[PDB]
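*Asks:* Take this structure, written in structure tokens, and hold onto it; I'll ask about it next.
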Amino acid sequence: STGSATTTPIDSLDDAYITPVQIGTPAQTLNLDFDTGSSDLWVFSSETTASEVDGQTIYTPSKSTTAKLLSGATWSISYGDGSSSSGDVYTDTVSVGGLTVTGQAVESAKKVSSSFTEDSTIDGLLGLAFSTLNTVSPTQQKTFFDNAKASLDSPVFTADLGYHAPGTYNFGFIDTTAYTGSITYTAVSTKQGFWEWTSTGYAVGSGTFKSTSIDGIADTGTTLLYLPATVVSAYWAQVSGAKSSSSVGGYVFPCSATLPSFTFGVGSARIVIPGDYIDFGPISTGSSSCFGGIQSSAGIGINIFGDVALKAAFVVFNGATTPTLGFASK
Ligand SMILES: CN[C@H]1CC[C@H](C(F)(F)F)CC1
């Protein structure tokens with residue numbers, strides 16, 4: 001089997017991407033944030049505290065003839081941005097882009113934090129990291145990809161995120177029309193439950209490439225590119241007036257600037273992030289200070305190749321017995 005679904009930016013900045021997901025019988029379609037940095041499929045639901053729902057589409061398990069309470073199971077998750085959610089668990093039929101999994105754990109939110117209430121565009125998360133991170137207790141549950149894997153034509157999914165435009169998540173096949181040149185594959189460590197890999201280095205604009213190992217995670221559920229402070233300082237030094245602002249919480253730059261590109265290494269290959277991809281717009285409405293798309297990972301404890309990086313590539317998440325990542329230009 002295969003599946004193919006379009007992913008759409010939630011706003012004009014690409015702060016996140018939503019992908020429609022069918023849950024239950026008859027189908028209830030929710031728009032979920034596909035997140036290669038976590039391993040829970042959770043949804044706004046009929047169980048979510050009413051004051052914490054503001055415009056999201058909810059899953060109602062009582063209206064699904066295939067929904068079953070997973071007796072005794074609870075879940076509770078915290079993300080890197082300090083957001084959180086928790087609740088109980090159903091199994092149900094879940095389809096993405098024509099690919100169907102029966103008996104998928106669908107984590108129903110009883111509580112969500114303020115950032116999830118305040119974002120009407122995201123109806124929940126679909127985790128695509130390794131199932132060792134899944135938070136369901138007392139019986140840990142598998143991701144949608146882990147449940148689908150054996151049925152797929154090839155044990156892979158791909159992320160093809162757009163810049164200010166829709167893109168695609170494919171399951172079970174590699175669309176050879178979706179990228180240029182060749183796909184370079186690189187080793188993955190699953191020891192932290194992430195798609196963790198080591199970039200071979202970077203360049204800033206037309207500058208020389210610096211060969212240096214940068215260990216980090218491929219994380220579709222993080223907006224920005226988080227790298228070591230040395231690398232980030234080197235990038236923003238090329239932008240007149242850019243500075244790290246303690247009050248804003250990262251690098252800002254004059255909105256009048258033209259940003260340089262940023263290149264990262266994948267083995268001997270290179271992925272170029274155009275400068276425009278690094279502009280996250282005014283820090284507040286009408287400001288001439290703009291928020292940078294490359295930020296320091298200092299204090300986070302890991303480097304994160306988030307959407308700013310991934311949207312410059314066609315990315316293969318190879319779930320073979322020994323997982324690997326692939327990157328192509330596009
Ligand atoms: C912006 N609201 C949420 C969206 C999901 C994010 C992640 F994917 F990481 F789970 C966290 C913040």
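Order determines the names: the first chain of the structure tokens is A, the second B, and so forth; residues in each chain are numbered 1 upward, and ligands are numbered 1 upward as they are shown.
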Identify, on the basis of only C-alpha atoms, every residue whose closest approach to residue A:295 does not exceed 7 Å; exclude the query and any residue fewer than 4 positions from it along the same chain; express the result as a PyMOL selection string.

*Replies:* chain A and resi 225-227+232+250-251

*Asks:* Can you check which parts of stretch 124-214 of chain A lie within 6 Å of stretch 62-86 of chain A? Per residue, the shortest pair of atoms and distance in Å to one decimal, counting only C-alpha atoms, sorted by chain and number, as JSON lines.

*Replies:*
```
{"residue": "A:135", "atom": "CA", "partner": "A:75", "partner_atom": "CA", "distance": 5.4}
{"residue": "A:136", "atom": "CA", "partner": "A:75", "partner_atom": "CA", "distance": 4.5}
{"residue": "A:137", "atom": "CA", "partner": "A:74", "partner_atom": "CA", "distance": 5.5}
```

*Asks:* Could you please take those selected residues and save N, CA, C and O atoms as a short mmCIF file (atom, residue, chain, number, x, y, z; two decimals), in the first residue's frame?

*Replies:*
```
data_model
loop_
_atom_site.label_atom_id
_atom_site.label_comp_id
_atom_site.auth_asym_id
_atom_site.auth_seq_id
_atom_site.Cartn_x
_atom_site.Cartn_y
_atom_site.Cartn_z
N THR A 135 3.95 8.27 24.70
CA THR A 135 3.72 8.52 26.14
C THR A 135 2.57 7.69 26.73
O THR A 135 2.32 7.81 27.95
N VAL A 136 1.90 6.86 25.96
CA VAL A 136 0.75 6.12 26.54
C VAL A 136 1.24 5.17 27.64
O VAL A 136 2.17 4.44 27.45
N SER A 137 0.52 5.19 28.74
CA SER A 137 0.74 4.37 29.95
C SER A 137 -0.56 3.66 30.28
O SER A 137 -1.62 4.25 30.23
#
```

*Asks:* Quick one: residues within 9 Å of residue A:142, only C-alpha atoms, excluding same-chain residues fewer than 3 positions away - as a list in words?

*Replies:*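 Result of the neighbour search: residues 39, 40, 104, 105, 130, 131, 132, 134, 145, 146 and 147 of chain A.
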
*Asks:* For chain A against ligand 1, with a cut-off of 12 Å and counting only C-alpha atoms and all ligand atoms, what is the closest atom pair and its distance in Å to one decimal for every residue that makes the cut, ordered by chain and number, as JSON lines?

*Replies:*
```
{"residue": "A:9", "atom": "CA", "partner": "ligand 1", "partner_atom_place_in_ligand_line": "1 (C)", "distance": 11.9}
{"residue": "A:10", "atom": "CA", "partner": "ligand 1", "partner_atom_place_in_ligand_line": "1 (C)", "distance": 9.8}
{"residue": "A:11", "atom": "CA", "partner": "ligand 1", "partner_atom_place_in_ligand_line": "1 (C)", "distance": 11.3}
{"residue": "A:14", "atom": "CA", "partner": "ligand 1", "partner_atom_place_in_ligand_line": "1 (C)", "distance": 11.0}
{"residue": "A:15", "atom": "CA", "partner": "ligand 1", "partner_atom_place_in_ligand_line": "1 (C)", "distance": 7.4}
{"residue": "A:16", "atom": "CA", "partner": "ligand 1", "partner_atom_place_in_ligand_line": "1 (C)", "distance": 7.0}
{"residue": "A:17", "atom": "CA", "partner": "ligand 1", "partner_atom_place_in_ligand_line": "4 (C)", "distance": 9.0}
{"residue": "A:18", "atom": "CA", "partner": "ligand 1", "partner_atom_place_in_ligand_line": "4 (C)", "distance": 9.7}
{"residue": "A:31", "atom": "CA", "partner": "ligand 1", "partner_atom_place_in_ligand_line": "4 (C)", "distance": 11.6}
{"residue": "A:32", "atom": "CA", "partner": "ligand 1", "partner_atom_place_in_ligand_line": "5 (C)", "distance": 8.9}
{"residue": "A:33", "atom": "CA", "partner": "ligand 1", "partner_atom_place_in_ligand_line": "8 (F)", "distance": 6.1}
{"residue": "A:34", "atom": "CA", "partner": "ligand 1", "partner_atom_place_in_ligand_line": "8 (F)", "distance": 7.0}
{"residue": "A:35", "atom": "CA", "partner": "ligand 1", "partner_atom_place_in_ligand_line": "8 (F)", "distance": 5.0}
{"residue": "A:36", "atom": "CA", "partner": "ligand 1", "partner_atom_place_in_ligand_line": "8 (F)", "distance": 8.0}
{"residue": "A:37", "atom": "CA", "partner": "ligand 1", "partner_atom_place_in_ligand_line": "9 (F)", "distance": 6.8}
{"residue": "A:38", "atom": "CA", "partner": "ligand 1", "partner_atom_place_in_ligand_line": "10 (F)", "distance": 6.8}
{"residue": "A:39", "atom": "CA", "partner": "ligand 1", "partner_atom_place_in_ligand_line": "10 (F)", "distance": 9.5}
{"residue": "A:40", "atom": "CA", "partner": "ligand 1", "partner_atom_place_in_ligand_line": "10 (F)", "distance": 9.2}
{"residue": "A:41", "atom": "CA", "partner": "ligand 1", "partner_atom_place_in_ligand_line": "10 (F)", "distance": 10.2}
{"residue": "A:42", "atom": "CA", "partner": "ligand 1", "partner_atom_place_in_ligand_line": "10 (F)", "distance": 10.1}
{"residue": "A:43", "atom": "CA", "partner": "ligand 1", "partner_atom_place_in_ligand_line": "5 (C)", "distance": 11.3}
{"residue": "A:77", "atom": "CA", "partner": "ligand 1", "partner_atom_place_in_ligand_line": "10 (F)", "distance": 9.1}
{"residue": "A:78", "atom": "CA", "partner": "ligand 1", "partner_atom_place_in_ligand_line": "10 (F)", "distance": 8.3}
{"residue": "A:79", "atom": "CA", "partner": "ligand 1", "partner_atom_place_in_ligand_line": "9 (F)", "distance": 5.6}
{"residue": "A:80", "atom": "CA", "partner": "ligand 1", "partner_atom_place_in_ligand_line": "9 (F)", "distance": 6.6}
{"residue": "A:81", "atom": "CA", "partner": "ligand 1", "partner_atom_place_in_ligand_line": "11 (C)", "distance": 6.1}
{"residue": "A:82", "atom": "CA", "partner": "ligand 1", "partner_atom_place_in_ligand_line": "12 (C)", "distance": 7.9}
{"residue": "A:83", "atom": "CA", "partner": "ligand 1", "partner_atom_place_in_ligand_line": "12 (C)", "distance": 5.9}
{"residue": "A:84", "atom": "CA", "partner": "ligand 1", "partner_atom_place_in_ligand_line": "11 (C)", "distance": 8.0}
{"residue": "A:85", "atom": "CA", "partner": "ligand 1", "partner_atom_place_in_ligand_line": "10 (F)", "distance": 9.8}
{"residue": "A:112", "atom": "CA", "partner": "ligand 1", "partner_atom_place_in_ligand_line": "3 (C)", "distance": 10.2}
{"residue": "A:113", "atom": "CA", "partner": "ligand 1", "partner_atom_place_in_ligand_line": "2 (N)", "distance": 9.3}
{"residue": "A:114", "atom": "CA", "partner": "ligand 1", "partner_atom_place_in_ligand_line": "2 (N)", "distance": 9.2}
{"residue": "A:115", "atom": "CA", "partner": "ligand 1", "partner_atom_place_in_ligand_line": "2 (N)", "distance": 5.7}
{"residue": "A:116", "atom": "CA", "partner": "ligand 1", "partner_atom_place_in_ligand_line": "2 (N)", "distance": 5.2}
{"residue": "A:117", "atom": "CA", "partner": "ligand 1", "partner_atom_place_in_ligand_line": "2 (N)", "distance": 8.7}
{"residue": "A:118", "atom": "CA", "partner": "ligand 1", "partner_atom_place_in_ligand_line": "2 (N)", "distance": 8.4}
{"residue": "A:119", "atom": "CA", "partner": "ligand 1", "partner_atom_place_in_ligand_line": "2 (N)", "distance": 6.5}
{"residue": "A:120", "atom": "CA", "partner": "ligand 1", "partner_atom_place_in_ligand_line": "2 (N)", "distance": 9.6}
{"residue": "A:121", "atom": "CA", "partner": "ligand 1", "partner_atom_place_in_ligand_line": "2 (N)", "distance": 9.3}
{"residue": "A:122", "atom": "CA", "partner": "ligand 1", "partner_atom_place_in_ligand_line": "4 (C)", "distance": 7.0}
{"residue": "A:123", "atom": "CA", "partner": "ligand 1", "partner_atom_place_in_ligand_line": "4 (C)", "distance": 9.4}
{"residue": "A:124", "atom": "CA", "partner": "ligand 1", "partner_atom_place_in_ligand_line": "5 (C)", "distance": 7.6}
{"residue": "A:125", "atom": "CA", "partner": "ligand 1", "partner_atom_place_in_ligand_line": "10 (F)", "distance": 6.3}
{"residue": "A:126", "atom": "CA", "partner": "ligand 1", "partner_atom_place_in_ligand_line": "8 (F)", "distance": 8.4}
{"residue": "A:127", "atom": "CA", "partner": "ligand 1", "partner_atom_place_in_ligand_line": "8 (F)", "distance": 8.1}
{"residue": "A:128", "atom": "CA", "partner": "ligand 1", "partner_atom_place_in_ligand_line": "8 (F)", "distance": 10.2}
{"residue": "A:129", "atom": "CA", "partner": "ligand 1", "partner_atom_place_in_ligand_line": "8 (F)", "distance": 11.0}
{"residue": "A:218", "atom": "CA", "partner": "ligand 1", "partner_atom_place_in_ligand_line": "9 (F)", "distance": 12.0}
{"residue": "A:219", "atom": "CA", "partner": "ligand 1", "partner_atom_place_in_ligand_line": "9 (F)", "distance": 8.2}
{"residue": "A:220", "atom": "CA", "partner": "ligand 1", "partner_atom_place_in_ligand_line": "8 (F)", "distance": 7.2}
{"residue": "A:221", "atom": "CA", "partner": "ligand 1", "partner_atom_place_in_ligand_line": "8 (F)", "distance": 3.5}
{"residue": "A:222", "atom": "CA", "partner": "ligand 1", "partner_atom_place_in_ligand_line": "9 (F)", "distance": 5.5}
{"residue": "A:223", "atom": "CA", "partner": "ligand 1", "partner_atom_place_in_ligand_line": "9 (F)", "distance": 8.4}
{"residue": "A:224", "atom": "CA", "partner": "ligand 1", "partner_atom_place_in_ligand_line": "9 (F)", "distance": 11.0}
{"residue": "A:304", "atom": "CA", "partner": "ligand 1", "partner_atom_place_in_ligand_line": "9 (F)", "distance": 11.3}
{"residue": "A:306", "atom": "CA", "partner": "ligand 1", "partner_atom_place_in_ligand_line": "9 (F)", "distance": 9.8}
{"residue": "A:307", "atom": "CA", "partner": "ligand 1", "partner_atom_place_in_ligand_line": "8 (F)", "distance": 10.6}
```

*Asks:* Between A:292, A:301, A:281, A:97, which residue has the minimum interatomic distance to residue A:228, considering only C-alpha atoms?

*Replies:*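 Closest to residue A:228, using only C-alpha atoms: A:301.
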
*Asks:* Running DSSP on the backbone, which parts of stretch 107-179 of chain A land in strand (DSSP E or B), as JSON, numbers by chain?

*Replies:* {"A": [107, 108, 109, 110, 111, 112, 124, 125, 126, 127, 137, 156, 157, 158, 159, 160, 167, 168, 169, 170, 171]}

*Asks:* Quick one: write out the picked residues with N, CA and C atoms as a PDB file, in the first residue's frame?

*Replies:*
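The new file part.pdb reads:
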```
ATOM      1  N   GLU A 107      -5.157   9.298  20.711  1.00  0.00           N
ATOM      2  CA  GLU A 107      -5.052   9.839  22.067  1.00  0.00           C
ATOM      3  C   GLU A 107      -5.996  11.030  22.135  1.00  0.00           C
ATOM      4  N   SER A 108      -7.020  10.966  22.955  1.00  0.00           N
ATOM      5  CA  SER A 108      -8.074  11.989  23.059  1.00  0.00           C
ATOM      6  C   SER A 108      -7.709  12.974  24.147  1.00  0.00           C
ATOM      7  N   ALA A 109      -7.611  14.265  23.825  1.00  0.00           N
ATOM      8  CA  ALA A 109      -7.184  15.257  24.821  1.00  0.00           C
ATOM      9  C   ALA A 109      -8.327  15.551  25.787  1.00  0.00           C
ATOM     10  N   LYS A 110      -8.015  15.440  27.071  1.00  0.00           N
ATOM     11  CA  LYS A 110      -8.888  16.040  28.098  1.00  0.00           C
ATOM     12  C   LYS A 110      -8.409  17.453  28.413  1.00  0.00           C
ATOM     13  N   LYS A 111      -7.111  17.718  28.321  1.00  0.00           N
ATOM     14  CA  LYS A 111      -6.517  19.020  28.658  1.00  0.00           C
ATOM     15  C   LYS A 111      -5.528  19.354  27.563  1.00  0.00           C
ATOM     16  N   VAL A 112      -5.514  20.629  27.170  1.00  0.00           N
ATOM     17  CA  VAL A 112      -4.437  21.172  26.310  1.00  0.00           C
ATOM     18  C   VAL A 112      -3.959  22.492  26.900  1.00  0.00           C
ATOM     19  N   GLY A 124      -4.680  18.715  16.285  1.00  0.00           N
ATOM     20  CA  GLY A 124      -3.915  17.702  17.016  1.00  0.00           C
ATOM     21  C   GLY A 124      -2.632  17.420  16.303  1.00  0.00           C
ATOM     22  N   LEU A 125      -1.837  16.476  16.831  1.00  0.00           N
ATOM     23  CA  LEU A 125      -0.500  16.100  16.291  1.00  0.00           C
ATOM     24  C   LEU A 125      -0.527  14.629  15.872  1.00  0.00           C
ATOM     25  N   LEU A 126       0.198  14.300  14.800  1.00  0.00           N
ATOM     26  CA  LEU A 126       0.449  12.923  14.381  1.00  0.00           C
ATOM     27  C   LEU A 126       1.949  12.720  14.437  1.00  0.00           C
ATOM     28  N   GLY A 127       2.409  11.975  15.447  1.00  0.00           N
ATOM     29  CA  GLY A 127       3.837  11.769  15.698  1.00  0.00           C
ATOM     30  C   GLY A 127       4.440  10.755  14.762  1.00  0.00           C
ATOM     31  N   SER A 137       0.517   5.187  28.741  1.00  0.00           N
ATOM     32  CA  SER A 137       0.741   4.369  29.946  1.00  0.00           C
ATOM     33  C   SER A 137      -0.556   3.655  30.283  1.00  0.00           C
ATOM     34  N   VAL A 156       8.994   3.409   4.223  1.00  0.00           N
ATOM     35  CA  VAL A 156       9.497   4.801   4.139  1.00  0.00           C
ATOM     36  C   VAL A 156       8.334   5.756   4.199  1.00  0.00           C
ATOM     37  N   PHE A 157       8.616   6.975   4.649  1.00  0.00           N
ATOM     38  CA  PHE A 157       7.746   8.117   4.321  1.00  0.00           C
ATOM     39  C   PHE A 157       8.631   9.264   3.903  1.00  0.00           C
ATOM     40  N   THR A 158       8.054  10.227   3.195  1.00  0.00           N
ATOM     41  CA  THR A 158       8.814  11.380   2.715  1.00  0.00           C
ATOM     42  C   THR A 158       8.091  12.661   3.098  1.00  0.00           C
ATOM     43  N   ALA A 159       8.880  13.671   3.384  1.00  0.00           N
ATOM     44  CA  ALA A 159       8.397  15.023   3.672  1.00  0.00           C
ATOM     45  C   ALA A 159       8.898  15.947   2.601  1.00  0.00           C
ATOM     46  N   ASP A 160       7.975  16.649   1.960  1.00  0.00           N
ATOM     47  CA  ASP A 160       8.256  17.604   0.897  1.00  0.00           C
ATOM     48  C   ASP A 160       7.507  18.876   1.257  1.00  0.00           C
ATOM     49  N   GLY A 167       2.723  21.377   0.270  1.00  0.00           N
ATOM     50  CA  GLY A 167       3.689  20.313  -0.030  1.00  0.00           C
ATOM     51  C   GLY A 167       3.031  18.993   0.172  1.00  0.00           C
ATOM     52  N   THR A 168       3.810  17.940   0.369  1.00  0.00           N
ATOM     53  CA  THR A 168       3.300  16.575   0.356  1.00  0.00           C
ATOM     54  C   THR A 168       3.987  15.700   1.398  1.00  0.00           C
ATOM     55  N   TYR A 169       3.218  14.853   2.068  1.00  0.00           N
ATOM     56  CA  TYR A 169       3.717  13.681   2.818  1.00  0.00           C
ATOM     57  C   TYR A 169       3.300  12.444   2.046  1.00  0.00           C
ATOM     58  N   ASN A 170       4.271  11.630   1.657  1.00  0.00           N
ATOM     59  CA  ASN A 170       4.022  10.322   1.024  1.00  0.00           C
ATOM     60  C   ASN A 170       4.447   9.212   1.955  1.00  0.00           C
ATOM     61  N   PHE A 171       3.697   8.120   1.921  1.00  0.00           N
ATOM     62  CA  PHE A 171       3.964   6.905   2.695  1.00  0.00           C
ATOM     63  C   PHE A 171       4.105   5.728   1.733  1.00  0.00           C
TER      64      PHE A 171
END
```

*Asks:* When distances are computed from only C-alpha atoms, which of A:52, A:196, A:47, A:215 shows the smallest separation from residue A:89?

*Replies:*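 Closest to residue A:89, using only C-alpha atoms: A:47.
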
*Asks:* Can you tell me which residues surround residue A:148 at a distance of at most 8 Å, considering only C-alpha atoms, apart from same-chain residues fewer than 2 positions away, and format the answer as number ranges by chain?

*Replies:* A: 99-101, 144-146, 150-152

*Asks:* Just give me the gap between atom CA of residue A:3 and atom CA of residue A:22 in Å, one decimal is fine.

*Replies:* 12.3 Å

*Asks:* Skipping near chain neighbours, those fewer than 4 positions away, what residues fall within 8 Å of residue A:163 using only C-alpha atoms, listed as a JSON list (two decimals) with C-alpha atoms, in the first residue's frame?

*Replies:*
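Contents of the output file result.json:
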```json
[["chain", "number", "residue", "atom", "x", "y", "z"],
["A", 14, "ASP", "CA", 4.92, 28.66, 7.54],
["A", 277, "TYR", "CA", 13.23, 31.09, 4.00],
["A", 311, "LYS", "CA", 11.45, 22.71, 3.41],
["A", 312, "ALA", "CA", 14.63, 23.32, 1.30]]
```

*Asks:* Enter the distance from atom CA of residue A:210 to atom CA of residue A:330, in Å, rounded to one decimal.

*Replies:*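 Computed distance, atom CA of residue A:210 to atom CA of residue A:330, equals 22.9 Å.
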
*Asks:* Contacts of residue A:21 at 8 Å or less, counting only C-alpha atoms, minus same-chain residues fewer than 2 places along, as a PyMOL selection string?

*Replies:* chain A and resi 19+23+29-32+94-97

*Asks:* Check the smallest atom-to-atom distance from each of A:291, A:98, A:192, A:271 to residue A:6 using only C-alpha atoms, then report the winner.

*Replies:*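 Of the candidates, the smallest distance to residue A:6 is held by A:98.
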
*Asks:* When you count only C-alpha atoms, which of these residues is closest to residue A:318: A:217, A:103, A:155, A:57?

*Replies:*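 Closest to residue A:318, using only C-alpha atoms: A:155.
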
*Asks:* Go through A:179, A:185, A:173, A:44 and flag the residue nearest residue A:266, using only C-alpha atoms for the distances.

*Replies:*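 Under the stated criterion, the closest residue is A:185.
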
*Asks:* Need to verify the contact set: residue A:257, 9 Å, only C-alpha atoms, exclusion of same-chain residues closer than 6 positions in sequence. Can you return it as a list in words?

*Replies:* residues 239, 240 and 241 of chain A

*Asks:* Store the residues of this selection in a file with N, CA, C and O atoms, as a PDB file, in the first residue's frame.

*Replies:*
```
ATOM      1  N   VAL A 239      24.539  39.888   8.384  1.00  0.00           N
ATOM      2  CA  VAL A 239      23.321  40.702   8.192  1.00  0.00           C
ATOM      3  C   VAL A 239      23.508  41.973   9.006  1.00  0.00           C
ATOM      4  O   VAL A 239      23.555  41.938  10.222  1.00  0.00           O
ATOM      5  N   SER A 240      23.612  43.121   8.324  1.00  0.00           N
ATOM      6  CA  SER A 240      23.818  44.443   8.973  1.00  0.00           C
ATOM      7  C   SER A 240      22.691  44.730   9.957  1.00  0.00           C
ATOM      8  O   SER A 240      21.521  44.748   9.519  1.00  0.00           O
ATOM      9  N   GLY A 241      23.034  44.968  11.222  1.00  0.00           N
ATOM     10  CA  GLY A 241      22.059  45.325  12.235  1.00  0.00           C
ATOM     11  C   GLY A 241      21.429  44.135  12.924  1.00  0.00           C
ATOM     12  O   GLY A 241      20.652  44.349  13.843  1.00  0.00           O
TER      13      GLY A 241
END
```

*Asks:* Could you tell me how far atom CA of residue A:280 sits from atom CA of residue A:253, in Å to one decimal place?

*Replies:*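 Answer for the atom CA of residue A:253 to atom CA of residue A:280 separation: 10.1 Å.
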
*Asks:* Hey, what does DSSP flag as helix (DSSP H, G or I) within stretch 34-99 of chain A? Can you give it to me as a VMD selection string?

*Replies:* chain A and resid 50 to 52 61 to 63

*Asks:* Would you write out those residues with N, CA, C and O atoms, as a tab-separated table (two decimals), in the first residue's frame?

*Replies:*
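Result file is result.tsv:
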```tsv
chain	number	residue	atom	x	y	z
A	50	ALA	N	-14.08	22.26	27.75
A	50	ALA	CA	-14.79	23.11	26.78
A	50	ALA	C	-14.07	24.46	26.66
A	50	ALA	O	-13.95	24.96	25.52
A	51	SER	N	-13.61	25.05	27.76
A	51	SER	CA	-12.95	26.38	27.75
A	51	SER	C	-11.58	26.33	27.04
A	51	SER	O	-11.01	27.41	26.76
A	52	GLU	N	-11.06	25.13	26.74
A	52	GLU	CA	-9.75	24.96	26.08
A	52	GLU	C	-9.91	24.69	24.59
A	52	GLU	O	-8.87	24.49	23.92
A	61	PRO	N	-15.47	10.23	19.70
A	61	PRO	CA	-15.41	8.78	19.55
A	61	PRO	C	-16.77	8.09	19.63
A	61	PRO	O	-16.98	7.11	18.98
A	62	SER	N	-17.71	8.68	20.35
A	62	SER	CA	-19.04	8.07	20.51
A	62	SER	C	-19.78	8.03	19.17
A	62	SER	O	-20.74	7.23	19.01
A	63	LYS	N	-19.36	8.82	18.18
A	63	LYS	CA	-19.98	8.84	16.83
A	63	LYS	C	-19.24	7.94	15.86
A	63	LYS	O	-19.68	7.87	14.71
```
